[PDB]
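Colleague: no letters, just coordinates:
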């Protein structure tokens, strides 16, 4: 669903882009992963865990 | 002679009136054209606004 904008005055004169940010912006191959790579940003684990 | 002459004069009269007709038509087409230009503008804007 890419962000096609009008650029010129004729057909095909358009550019699209992409945006992606949220809490789960940690590592990922196509999506994030479980304990790592999502919750590193969503949780930031060190509640008691670096003790 | 006088037949061809009188009918000739009426033929030129006829011609100028035919001109006036097509001038009216083309004026309507001038405003038609103006609108279609405006539509094109609105489609360009529409294309940007699509995203």
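Modeller: Noted; the coordinates are in hand. Residues are numbered from 1 along each chain as shown, chains lettered A, B, ... in the order given.
Colleague: contacting residues for the residue of chain B found nearest chain A?
Modeller: Taking CB to the nearest CB, chain A has its nearest neighbour within chain B at residue B:48, 3.7 Å off. C-betas here are computed from N, CA, C, even on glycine. Residue B:48 makes contact with A:5-6 under the criterion CB atoms under 8 Å, 6 or more residues apart in numbering or on different chains.
Colleague: double-check that it belongs to a strand.
Modeller: No. Assessed by DSSP: H, G, I helix; E, B strand; the rest coil, residue B:48 does not belong to a strand; its assignment is helix.
Colleague: surely residue A:26 forms part of a strand?
Modeller: No. Looking at residue A:26 with three-state DSSP, it is coil, so not inside a strand.
Colleague: for it, what are its contacts?
Modeller: For residue A:26, the contacting residues are A:32, A:36-42, by CB under 8 Å, 6+ apart.
Colleague: now, those that are in helices?
Modeller: Counting by DSSP state H, the part of those found in helices is A:39-42.
Colleague: go through these and name the one nearest chain B.
Modeller: Nearest to chain B among these is residue A:41, at 27.3 Å by CB to the nearest CB.
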